[PDB]
Amino acid sequence: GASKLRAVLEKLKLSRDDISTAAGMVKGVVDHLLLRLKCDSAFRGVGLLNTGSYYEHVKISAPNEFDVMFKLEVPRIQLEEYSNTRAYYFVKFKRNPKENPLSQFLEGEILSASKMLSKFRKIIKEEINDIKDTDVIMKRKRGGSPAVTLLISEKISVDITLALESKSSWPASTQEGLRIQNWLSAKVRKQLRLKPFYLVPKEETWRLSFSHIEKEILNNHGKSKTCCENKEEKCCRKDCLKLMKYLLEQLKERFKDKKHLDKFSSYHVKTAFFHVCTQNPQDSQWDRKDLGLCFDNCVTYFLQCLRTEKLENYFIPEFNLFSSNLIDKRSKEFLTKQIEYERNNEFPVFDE
Ligand SMILES: Cn1ccc(-c2ccc(Cl)c(CNc3nc4[nH]c(CCc5ccccc5)cc(=O)n4n3)c2)n1
Ligand SMILES: [Zn+2]
């Protein structure tokens, strides 16, 4: 069955790597925003999350939809967990200078996201009109984040998310997360947990974000340090993740008229994939020749998650992305059946 999956992956590789002026239109827009933000008092320390993440694609079937993250370092940050949610936090300050750069967004001890987002939108709003280069128009749809969405000409779309960066130890609710010890090693888990973490808005609560960790794992993904560095140990982890992402997008596109799959997104698929990486830590369990079987492990596991309504966040295991209060039974049963139909029909959404 690996023949059809290879073709899907090769078509997908060709649209990725095909010459496109898109990422260059995005970089120029972003560079201007960053310069204008930087000469403002609240945003002096603003920058891009990854330098080279102008062409950062969440949607693997839409090469004109980009997603970028602007970060702002918050020293001496004081976090308070909201309502035992494990993942949502009030942000207050230890306060070294009474007025650090973010003072103008406080309400009491607590940092206001809505007010910080409003000034961020407005500054960006005042630089879009200033643009003489290309056709740029922004759209404000609710949710909190992705905060600002810019449309460059007819096809190019960019989501801009503002995130706070903290360089201190990850919050206690991550303690039992990142369960990579038996796969990538305990040492690697330590090195990654020494990296910063982020907070995005989503009640003026912020949500922990570990965006930046996926690139770190995906580029160094084997139990063997030489995974995918020769022909004797080529594995299919990356391809399985891409095929899972493309499955959800195609299903979401096929059923955009109904509402049942609106709660699901690629991070649900990413999460479930990395849980299978923990379950199956050996490179031999990810042999390239076994693409078809391995993809089926991933599908099977994700379907198990839907039916039991349990999908643990990868960093904060007590958080169930599939709880009833987050996604109702109807939605999960609808997705379960659509995937079964794909699985038992040699995945028709791939040849279309
Ligand atoms: C986009 N959204 C909206 C809401 C949340 C959310 C909800 C609850 C929690 Cl408890 C958290 C905690 N924060 C969080 N959880 C993730 N999960 C992954 C996917 C898995 C992964 C990623 C990289 C390496 C290995 C596995 C990507 C990511 O950036 N985060 N960030 C995040 N997320
Ligand atoms: Zn590999």
Side-chain angles (χ1 to χ4, degrees), residues 49-50 53 56 58-59 67 69 71 81-82 84-89 143-147 159 161 163-164 166 170-180 183-184 188-189 192-193 195-202 205-242 244-245 248 263-278 280-291 294 302 305 311-323 325-327:
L49 204 98
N50 207 37
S53 78
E56 168 62 41
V58 177
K59 277 234 288 201
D67 179 45
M69 198 171 283
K71 69 171 192 70
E81 181 185 347
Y82 175 62
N84 307 288
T85 60
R86 290 303 183 269
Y88 294 96
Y89 291 82
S145 56
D159 287 350
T161 305
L164 318 174
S166 175
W170 296 8
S173 61
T174 72
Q175 186 74 60
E176 304 293 309
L178 199 59
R179 290 202 144 285
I180 59 170
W183 162 31
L184 301 172
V188 160
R189 194 182 173 277
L192 297 171
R193 286 184 39 92
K195 295 178 172 294
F197 60 103
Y198 301 88
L199 295 142
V200 315
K202 190 65 205 170
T205 42
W206 305 73
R207 172 184 64 68
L208 299 176
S209 176
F210 303 93
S211 268
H212 57 322
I213 298 291
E214 175 183 21
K215 317 190 180 185
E216 223 68 27
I217 297 195
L218 241 49
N219 286 324
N220 209 333
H221 59 253
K223 173 178 282 306
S224 168
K225 288 168 194 177
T226 54
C227 193
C228 292
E229 290 203 348
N230 53 81
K231 287 303 107 190
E232 298 83 55
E233 39 186 333
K234 205 81 193 176
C235 90
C236 63
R237 288 186 181 94
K238 274 173 128 163
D239 287 339
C240 285
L241 182 51
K242 301 186 166 60
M244 289 296 280
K245 285 170 65 189
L248 182 66
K263 314 254 189 62
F264 306 96
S265 64
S266 77
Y267 77 91
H268 296 108
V269 163
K270 292 184 190 194
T271 297
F273 169 78
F274 285 108
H275 280 309
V276 188
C277 283
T278 298
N280 296 343
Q282 303 297 339
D283 296 340
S284 65
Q285 289 166 302
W286 295 97
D287 193 322
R288 196 176 201 271
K289 311 166 202 173
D290 300 324
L291 172 68
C294 297
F302 193 84
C305 295
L311 175 70
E312 311 189 354
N313 180 275
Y314 201 72
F315 297 85
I316 301 167
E318 298 175 71
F319 194 101
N320 182 9
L321 303 172
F322 277 1
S323 79
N325 282 6
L326 291 188
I327 300 176

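Just so you know, ligand 1 is whichever comes first in the structure, and atom 1 is the first atom listed for that ligand. Residues take their numbers from the sequence shown, with the count starting at 1. Values reported hereafter were calculated over all heavy atoms of this structure, with side chains retained and with hydrogens, waters and symmetry mates removed.
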Atom pair NZ (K234) and CG (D287), whose distance is rounded to the nearest 0.5 Å: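 Answer rounded to 0.5 Å: 12.0 Å.
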| Is a donor on one side and an acceptor on the other found under 3.5 Å between the side chain of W170 and the backbone of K195? |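 Present.
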- Task: Would you confirm whether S145, through its side chain, and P201, through its main-chain N or O, come within 3.5 Å as a donor-acceptor pair?
- Result: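 Present.
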Ring centroid separation for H268 and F322, is it under 6.0 angstrom?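 Between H268 and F322, the centre distance is under 6.0 Å.
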Practice item. Could you tally the protein N/O/S atoms lying less than 2.8 Å away from the Zn ion (ligand 2)? Key: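 Counting protein N, O and S atoms closer than 2.8 Å to the Zn ion (ligand 2) gives 4.
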Show me the short polar-atom pairs for ligand 1: any N or O of it lying under 3.5 Å from a protein N or O, with distances only.
from	atom 1	to	atom 2	distance (Å)
ligand 1	13 (N)	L208	O	2.7
ligand 1	15 (N)	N313	ND2	2.8
ligand 1	29 (O)	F210	O	3.4
ligand 1	29 (O)	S211	N	2.9
ligand 1	31 (N)	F210	N	3.1
ligand 1	33 (N)	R207	NH1	3.3

For this session: For the pair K215 and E56, find out whether any cationic side-chain nitrogen is under 4.0 Å from an anionic carboxylate oxygen.
Result: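 Looking at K215 and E56, the cut-off is met.
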Verdict with supporting geometry, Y198 and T161, side-chain hydrogen bond (donor to acceptor under 3.5 Å, both in side chains): CA-CA 11 Å; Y198 301 88; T161 305; over 6 Å; no
Original post:
Which heavy-atom pair separates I327 from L321 by the least distance, and what is that distance?
Top reply: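 Scanning both residues, the minimum pair turns out to be CD1-O, 3.8 Å.
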Would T226 and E233 satisfy side-chain hydrogen bond (donor to acceptor under 3.5 Å, both in side chains), going step by step from the backbone distance to the final call? CA-CA 8 Å; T226 54; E233 39 186 333; 2.6 Å; yes
If you apply the rule salt bridge (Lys or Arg N to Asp or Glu O under 4.0 Å), what do you find for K59 with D67, and how did you get there? CA-CA 9 Å; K59 277 234 288 201; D67 179 45; over 6 Å; no
